[PDB]
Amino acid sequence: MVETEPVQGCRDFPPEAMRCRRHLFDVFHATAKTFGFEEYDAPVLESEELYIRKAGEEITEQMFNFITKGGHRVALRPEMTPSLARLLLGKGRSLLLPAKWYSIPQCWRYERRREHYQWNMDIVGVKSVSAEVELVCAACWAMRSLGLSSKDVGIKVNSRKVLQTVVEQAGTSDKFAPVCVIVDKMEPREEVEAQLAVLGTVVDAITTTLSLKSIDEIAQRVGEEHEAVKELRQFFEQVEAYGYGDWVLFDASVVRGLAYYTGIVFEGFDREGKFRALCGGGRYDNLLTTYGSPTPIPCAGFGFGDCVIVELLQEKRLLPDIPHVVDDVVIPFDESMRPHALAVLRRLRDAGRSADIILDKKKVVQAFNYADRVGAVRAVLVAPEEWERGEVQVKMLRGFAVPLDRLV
């Protein structure tokens, strides 16, 4: 007998589980459309070269890679952002900016779960913090659409520019990304301190700034007109004006684990402190330059996974099982009525209704039970006596003779 379990670390989505996923994805798509983003996609299989960043990232450490028979280094994508950039770089001057692009790719890792889906939202060609404002509002909107409130979740926001200063002022920029990657692990002090020491006083200044509790305190240490300060202030003013001020807050400890973030960074969290980050992202104004773009392309975006949000929605009782539904179930009284019932099935579907016909041979009561089990709104019985009168029998599930034309 074949193994019924899926491959290690991978999920099956039979109809029940698929409905839950579709509930979530419908929100990702609806939110993207509400915010004017355009859908895109790219292959799950990409060249391994795309992810060679040399900053010790967890994402590139845990890569699901292999070699083709042709001897090429490939990987199932651990994230989408490099694929986006490849696509953007491929378009070059032909791409109208600004561009707002989204996708919901399955991404992969190897080490526990080995795959997840991850809603991606990115804004390309916008220098100002309005990009990050929109991105954060979009994540909040998705969560609000799922039934969560600002009492359940928030988005913590910071800028890597603050720390950038401090790293630079201690005397080599090529260690900044590695530094962010390390400092990302902060929530074991002994471990993180030691990691920085391996990378080559400045550790104390890093730790201090991370623990600064407000923007005013940041301004005291970098002036009220440091790059980060004006941008964060503008960011918060704009989110407030959009009406999502209760969802967002400053946290100097947020850097994210990815090498390529240059500016504002953010992550979503549950206000009970029970789950990992709901989503995360930021600005990455240099990535396209590192890929070989002749002109710097400003970019910002986030990823929003399909696992943590579901855990949280389950905890909050916001994922009721919503059963399957169909508008009509057409029941032939017996097999002699099947051709007639097919003609009725056609009419109903032509009118835009979802409809089944009883496919096997079964008695009316068992047909009706079937209708109830599949969540039919209406059972339509096609019987000899009614048919002669140009009618069927209709019965609402959530009896009466009805003429054919009046069914729709």
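Definition used throughout: the rigid core is the maximal C-alpha set that superposes within 1.5 Å between two forms. Sequential numbering from 1, following the sequence displayed.
- Of 65 to 73 and 358 to 366, the stretch whose C-alpha atoms sit farther from the shown form in 8 other deposited structures of this protein, after fitting on the rigid core, is 65 to 73.
- Larger average C-alpha displacement in 8 other deposited structures of this protein, relative to the shown form after a rigid core fit, is seen for 216 to 224 when comparing 216 to 224 with 126 to 134.
- The segment from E111 to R112 is interrupted, since 4 to 9 residues of the deposited sequence in that interval carry no coordinates.
- Coordinates are given for every deposited residue between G292 and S293; the gap count there is zero.
- Note on 116 to 124 vs 284 to 292: mean CA B-factor is higher in 284 to 292.
- Higher mean CA temperature factor between 367 to 375 and 40 to 48: 367 to 375, per the PDB entry.
- For the set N158, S150, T209, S130, the PDB entry puts the maximum C-alpha B factor at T209.
- Per the deposited record, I182 carries the highest C-alpha B-factor of all listed residues (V239, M80, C279, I182).
- Among the modelled residues of its chain, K100 has a C-alpha B-factor that falls in the lowest third, as given in the PDB entry.
- Among the modelled residues of its chain, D26 has a C-alpha B-factor that falls in the lowest third, as given in the PDB entry.
- Split the chain's modelled residues into thirds by C-alpha temperature factor. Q169 is in the highest one.
- Sorting the modelled residues of the chain by their CA temperature factor places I67 in the highest third.
- In the deposited entry, the Cα temperature factor of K175 sits in the top third of values across the chain's modelled residues.
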